[PDB]
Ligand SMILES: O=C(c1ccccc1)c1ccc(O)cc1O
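Below sits a lone chain in structure tokens, taken as the form solved without the named molecule.
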């Protein structure tokens, strides 16, 4: 019954994670866009002192999102939000009930956060080499159940954590967004279309087919355009090794 407000930005895969979980939960919630990278509102540190999106408020009196209440609980960090939503909506079964299957979900989130996410960041924003990213994606792909299904079998918050990044990769590569070289762009497009990565392509299709994805995605072209607003995705700059 307590209000949920999610401070969002279309380009932000971290915020996307939390929109997906809130859709899967059947939650009632409000979103409020924040131009966090170009023009942060002066009140935004009241909802997240770290000055990052996503930010969440929970409970407190019903107020406009640009007039946040000191009485709402302020929740930071997208993965903590995913676990919070699973805790708030247990009947939505956003995690398995079996401990080992739950661990598969947590391990998958950690594999992504610790070994893949930084490689996406460094390849796209710094133009570091693509091979370590592809190796990390092959590792992540190896953690999926072979025959189909999601990270822990049934869909869970682990798939909300990972699909925003994987789903952006394909249209961003096709639009040439990112500071990596032409050569590495070709390499990544060929690899991600190759048999080596058939399983993760299935995984991406499977997650994208769910309403929680459709209802939280602007469309491939619209997401590309939002991404071009990110300052670190400087058009015309590339790094080479």
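Positions refer to the first chain, counted from 1.
Separately, the form deposited with the named molecule bound exists; it is not shown, and the next lines address it.
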query	finding
Residue contact check: residue 121 to the named molecule in the entry with it bound, 4.5 Å heavy atom	yes
Exercise: residue 104 in contact with the named molecule in the entry with it bound, heavy atom 4.5 Å	no
Residue 172, heavy atom within 4.5 angstroms of the named molecule in the entry with it bound	yes
4.5 Å heavy atom contact, residue 117 and the named molecule in the entry with it bound	yes
Candidate spot 13, 125 and 165, all three touching the named molecule in the entry with it bound (heavy atom, 4.5 Å)	yes
